[PDB]
Amino acid sequence: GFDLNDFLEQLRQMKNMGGXXXXXXXXXXXXXXXXXXXXXXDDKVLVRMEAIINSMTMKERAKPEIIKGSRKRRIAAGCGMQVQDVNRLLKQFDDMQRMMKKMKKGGXXXXXXXXXXXXXXXXXXX
Amino acid sequence: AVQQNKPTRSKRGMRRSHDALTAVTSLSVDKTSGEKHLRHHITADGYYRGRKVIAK
Amino acid sequence: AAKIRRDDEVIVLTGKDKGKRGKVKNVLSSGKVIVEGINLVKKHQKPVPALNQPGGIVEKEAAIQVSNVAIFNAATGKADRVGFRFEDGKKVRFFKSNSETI
Amino acid sequence: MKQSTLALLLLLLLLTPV
Amino acid sequence: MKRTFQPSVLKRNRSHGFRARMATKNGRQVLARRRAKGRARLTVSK
Amino acid sequence: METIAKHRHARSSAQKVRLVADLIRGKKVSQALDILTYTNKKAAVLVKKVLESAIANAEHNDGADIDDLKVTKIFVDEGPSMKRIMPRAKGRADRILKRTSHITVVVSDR
RNA sequence: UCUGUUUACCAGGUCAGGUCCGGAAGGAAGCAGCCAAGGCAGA
RNA sequence: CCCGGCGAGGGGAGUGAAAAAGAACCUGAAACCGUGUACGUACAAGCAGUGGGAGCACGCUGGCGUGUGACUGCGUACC
RNA sequence: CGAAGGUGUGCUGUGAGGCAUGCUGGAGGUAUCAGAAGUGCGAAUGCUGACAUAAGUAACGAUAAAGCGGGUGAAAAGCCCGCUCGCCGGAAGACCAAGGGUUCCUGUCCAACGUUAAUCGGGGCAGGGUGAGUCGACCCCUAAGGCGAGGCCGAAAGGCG
Ligand SMILES: [Mg+2]
Ligand SMILES: [Mg+2]
Ligand SMILES: [Mg+2]
Ligand SMILES: [Mg+2]
Ligand SMILES: [Mg+2]
Ligand SMILES: [Mg+2]
Ligand SMILES: [Mg+2]
Ligand SMILES: [Mg+2]
Ligand SMILES: [Mg+2]
Ligand SMILES: [Mg+2]
Ligand SMILES: [Mg+2]
Ligand SMILES: [Mg+2]
Ligand SMILES: [Mg+2]
Ligand SMILES: [Mg+2]
Ligand SMILES: [Mg+2]
Ligand SMILES: [Mg+2]
Ligand SMILES: [Mg+2]
Ligand SMILES: [Mg+2]
Ligand SMILES: [Mg+2]
Ligand SMILES: [Mg+2]
Ligand SMILES: [Mg+2]
Ligand SMILES: [Mg+2]
Ligand SMILES: [Mg+2]
Ligand SMILES: [Mg+2]
Ligand SMILES: [Mg+2]
Ligand SMILES: [Mg+2]
Ligand SMILES: [Mg+2]
Ligand SMILES: [Mg+2]
Ligand SMILES: [Mg+2]
Ligand SMILES: [Mg+2]
Ligand SMILES: [Mg+2]
Ligand SMILES: [Mg+2]
Ligand SMILES: [Mg+2]
Ligand SMILES: [Mg+2]
Ligand SMILES: [Mg+2]
Ligand SMILES: [Mg+2]
Ligand SMILES: [Mg+2]
Ligand SMILES: [Mg+2]
Ligand SMILES: [Mg+2]
Ligand SMILES: [Mg+2]
Ligand SMILES: [Mg+2]
Ligand SMILES: [Mg+2]
Ligand SMILES: [Mg+2]
Ligand SMILES: [Mg+2]
Ligand SMILES: [Mg+2]
Ligand SMILES: [Mg+2]
Ligand SMILES: [Mg+2]
Ligand SMILES: [Mg+2]
Ligand SMILES: [Mg+2]
Ligand SMILES: [Mg+2]
Ligand SMILES: [Mg+2]
Ligand SMILES: [Mg+2]
Ligand SMILES: [Mg+2]
Ligand SMILES: [Mg+2]
Ligand SMILES: [Mg+2]
Ligand SMILES: [Mg+2]
Ligand SMILES: [Mg+2]
Ligand SMILES: [Mg+2]
Ligand SMILES: [Mg+2]
C-alpha cells in the first residue's frame, strides 16, 4: 500500500531533484489560478520533512495512524522543532494518502483530469 | 383503553426499577496473548484458549 | 467639511490609549479612524497557504471612534477642536484656541 | 514517466496551494 | 383512488392564465385586487 | 483534581443513555472502559467515547496518572429535542420527537 | 549459556538525519537504525 | 496543543471587564428532566393535609433555629 | 462602592402587601401627594409557545428470500466485486405522450433527510450533460367551441351574432 516508508523514499528521492523555480514553470494552468510565488522553500522544507520522517520508529512510518500526542512530542523533540509542524507534516502525508489511494482506484487519466482548481465565489481570490 | 389519570413520576420510577442492565462481571484473560475477552468468545486477535485459531 | 483627515497628527482622548499621540492611516465611513501605534489588538490568524500567510497572533490596529480623537495642536502641545473659515476663496481648517490656520 | 510526472507534479504543486 | 387534481397545462392556462383574466371585467378586478395586495405572482404562468 | 469531558446533542434519549451511564459510575476508568466495551448498546459506544476523551483531558492538560482515575460524576441530561412529522392513517399527523442528550463525564484522581 | 526473533517517548552505549551555543575552532540534548538489555521461544 | 472519523462535540491555551458573553451567544423565570447530600419508606389501606409527636441529621450558644416525620386525633379536591 | 428584573433568607402589617438584605444581574429606577387607566386570572372543550403522560410500549408499508467469500472503511445484515439461491416476465421488461423540472452522469461529504446502520441514495456541496432541412412543437387547414369590426339588443356593466 502507501506508507511513510514509500513517503520517506518519495521525499528523499524528491529532496535530490526538488525545486520551486523548476516545478512552478512545468504547469501553465495552476501558476495562473493560485499565486505563482506560493510554490515552496524546497531545500528547507524537504530537509525538514526528511528530518521529521527520520525522527520516527519504523512501524510509526509503516503504520502512520498510531501516531499520538506522546509520539509527536518525541518526534518534535528528536529533530528540534515544534509539535505543530509535525502535525502539518502528518497532515501533508494524509493528503497524499488520499491522492495516491484515489490514483489507485481511478484510472490514471480520470483522476489526473477530474482534478479541480477551486475559489469561494466566481470573483478573483474572494 | 387509555389511562384515566396522569401517572406520577413516582410510579414511572417504580416501573423502571427493573430495567437496569447487568454489567458483565468476568473478563476472561487469555493465556497466550493475555488480552481480556468474554468467556467462550475469541479475542480481538482471534486467540482462543491459547491457539490462534483465526489468522486475523 | 470633514474635521479629522488622513495624515493629521492626533491625540487620543478616550480609552486605554488616553493621552497617546499618533498618525492617521485612513478613515472609514462609519466615523471610525485608524491611528498609528494606537489601539493594538491581538488577533488570531488561521494560516492561509494560498497567500503564504503564516498563522499566529498578529498585533493589528483596530478602528477607534473619531469622536474620541482630537486633532493635536503641535504649537500648544494640547488637544484642540477645529473650525472652518474661507481664506482666498478656499475652505480651510484652523485651531480654535490660537485661531491659526493648518 | 506518466506515474512519476503524476507523482512529482501534484506532489510538489498540490503541496503548494493546499 | 382517482383524486381531484389531474393537472394539465393547457387547461390551467386557459382557465386561470393571465390572458384569460384580462378578457373580462371581473378578471381585471381580480388582477386589481392582487396588485393591491402586492402578490409575488398574480396568475399561474409557467 | 476534577476533569470534564462532555458530548452535547448526541442522538439517543437521555433515558436510554442513563442505563449505561449508571453501569460505570464509581469504577476506576480501566475496569469501566471494559464494562463499556462488552456492553451491547449504542449508548455504550457514545459514553465510551466521552470517557476516553475524559482520560486524555486529565492526562494531557492536568497531568494526572491514568491508573488513579475514577469516574466520580457521570450524568446524562436532556438535550434540545427536534420535532418532525410522521403521517398517520385517515389523515391525522404526528409531531415526532427526535430526542438528544448531554453526556457529561467527570473523572478525578481522588 | 549459543541461535531464532520481539520492546515508540518516559532503562544504557553508538547516536546518522535534523536542531541548540560559537564569526571560527569545535562541543551538546538526543529522535531513528544497530548492539546490549528486558518479553517469548529452538537447545 | 490534546481526545475523536482530516467528524460531531469537548478540554486546555489566547482575546476580552466578563467566554456560567462563544455565534445552539444580554437578562435566563416556571413546568419538565436529572446527579449529590440529610431524613423517612419493603405487615401497609383512602383528596395525602392539619393537630399532636418520638427519633435522626445539621446549624448555633445543656437550651434555640433548619430539614426529616416513625407513630396517633380529625379529615370524601376546586369550579 | 452596582438600578430594573431573577433567586434566596430575615423582619413587619387585620389583608391585598411593605421594608432590609446574601447570591445573580450589569443600567436603569423612583420618594411624596395628585392625575389617567389595555390595572390584578386557575377555570371559558379559552388563544400561542414550551414540557409532560401513556412508554422506551404500539408500530418500522405487501409472507418475492436469502447465504457465503473478498474490497472499501472509524465502524458493513443493508455499499461495491464475485459466487450460488429466490421473484417478475401481456411485466415487477423496453419506448413515448401527459405531469414533473436537473431528480441525469462524475467526484466529494454523512449533520438534517432515508421509518435501523449507512462507507450508500432520488439527501448536502462542486463540476459536467440535452448538438436536427427530414423526430416533435412552431408553421399551412379547419372541428366542437371561443373572441368578434360594423350590426341587432339591453338601466350601466353588458348579451347575441
Ligand atoms: Mg372520568
Ligand atoms: Mg419494564
Ligand atoms: Mg392521504
Ligand atoms: Mg472542533
Ligand atoms: Mg485577561
Ligand atoms: Mg439555550
Ligand atoms: Mg448589555
Ligand atoms: Mg445566555
Ligand atoms: Mg437555568
Ligand atoms: Mg431552572
Ligand atoms: Mg398480621
Ligand atoms: Mg414496618
Ligand atoms: Mg394504599
Ligand atoms: Mg406540630
Ligand atoms: Mg453541628
Ligand atoms: Mg432543635
Ligand atoms: Mg425540628
Ligand atoms: Mg401526620
Ligand atoms: Mg373537611
Ligand atoms: Mg378516615
Ligand atoms: Mg454584586
Ligand atoms: Mg438591589
Ligand atoms: Mg419600568
Ligand atoms: Mg428584585
Ligand atoms: Mg436585586
Ligand atoms: Mg456578571
Ligand atoms: Mg460582575
Ligand atoms: Mg418598581
Ligand atoms: Mg395614585
Ligand atoms: Mg386585562
Ligand atoms: Mg396563567
Ligand atoms: Mg373563578
Ligand atoms: Mg382535550
Ligand atoms: Mg419558540
Ligand atoms: Mg403527547
Ligand atoms: Mg417516558
Ligand atoms: Mg403497556
Ligand atoms: Mg407487548
Ligand atoms: Mg398498528
Ligand atoms: Mg412488536
Ligand atoms: Mg419495508
Ligand atoms: Mg465484510
Ligand atoms: Mg459481507
Ligand atoms: Mg436486506
Ligand atoms: Mg452482488
Ligand atoms: Mg401472466
Ligand atoms: Mg391528462
Ligand atoms: Mg416536458
Ligand atoms: Mg436537487
Ligand atoms: Mg445517480
Ligand atoms: Mg455520487
Ligand atoms: Mg439515519
Ligand atoms: Mg442497524
Ligand atoms: Mg455514525
Ligand atoms: Mg443528489
Ligand atoms: Mg413531421
Ligand atoms: Mg366558427
Ligand atoms: Mg361593437
Ligand atoms: Mg359573441
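- Its PDB record attributes the structure to cryo-EM, giving the resolution as 3.8 Å.

**Comments concerning the overall build of chain B**
At step 1: The secondary structure content of chain B amounts to 1 helix and 4 strands.
At step 2: Secondary structure elements of chain B occur, N-terminal to C-terminal, as α-β-β-β-β.
At step 3: Radius of gyration (C-alpha) of chain B: 22 Å, far over the 10 Å computed for a compact globule of 56 residues.
At step 4: Judged by the C-alpha coordinates and their principal axes, chain B covers about 60 × 20 × 15 Å.
At step 5: With 56 residues in all, chain B has 14% of them scored as buried.

**Considerations on the protein's contact with RNA strand G**
Residues and elements named next belong to chain A.
At step 1: Close to RNA strand G lie 16 residues; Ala-51, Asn-54, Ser-55, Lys-59 and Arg-61 are nearest.
At step 2: In RNA strand G, atoms within 4 Å of the protein come from the sugar-phosphate backbone in 61% of cases.
At step 3: Here a phosphate oxygen of RNA strand G and a side-chain polar atom of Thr-57 are 3.0 Å apart.
At step 4: Residue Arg-71 places a main-chain N or O atom 3.4 Å away from a base nitrogen belonging to RNA strand G.

**Examining the sheet that holds strand β2 (residues 21–27) of chain C**
All names here are of chain C.
At step 1: Pairing is antiparallel in the open sheet, where 6 strands are placed in the order β6-β3-β2-β1-β7-β8. Edge positions in the sheet fall to β6 (64–65) and β8 (79–80), since each of these pairs with one other strand and no more.
At step 2: Both β2 and strand β3 (residues 32–35) contribute to a ladder of 3 bridges, which runs antiparallel. Looking across to β3, one finds that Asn-26 is bridged to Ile-34.

**Some thoughts on the protein's contact with RNA strand H**
At step 1: If you check the shell around RNA strand H, you find 31 residues, and the closest are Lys-91 of chain A, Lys-42 of chain C together with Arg-18, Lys-49 and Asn-61 of chain F.
At step 2: For RNA strand H, the backbone makes up 78% of the atoms found within 4 Å of the protein, where backbone means sugar plus phosphate.
At step 3: In the model, a phosphate oxygen of RNA strand H is placed 3.2 Å from a nitrogen or oxygen of the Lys-68 of chain A side chain.
At step 4: Contact distances for RNA strand H include 2.8 Å between a phosphate oxygen and a side-chain N or O atom of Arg-9 of chain B.
At step 5: Of all the elements in the fold, those that place two or more residues in the surface near RNA strand H are α6 (69–78) and α7 (83–105) of chain A, α1 (9–16) of chain B, β4 (40–44) of chain C together with β1 (2–11), α3 (42–62) and β2 (70–78) of chain F.
At step 6: Of the residues assigned to the surface near RNA strand H, the class counts are 5 nonpolar, 10 polar and 16 charged.

What counts and how
- Residues numbered from 1 in each chain as written, not as in the entry; some residues may be left out.
- Chains lettered and ligands numbered in written order.
- Part of a larger assembly, values for the part shown.
- Heavy atoms only, no water.
- Residues with missing side-chain atoms left out of burial classes, pairs and counts.
- Helix = DSSP H or I, 4+ residues; strand = E, 2+ residues; numbered from the N terminus.
- Rg over C-alpha atoms; globule rule 2.2 N^0.38 Å.
- Buried < 20%, exposed > 50% of the residue type's maximum accessible area, 1.4 Å probe, protein only.
- Near = heavy atom within 4 Å.
- Polar contact = N/O pair within 3.5 Å; in protein donor to acceptor, adjacent residues only side chain to side chain.
- Pairing = 2+ DSSP bridges.
- Nonpolar A, V, L, I, M, F, W, Y, C, P; charged D, E, K, R; others polar.

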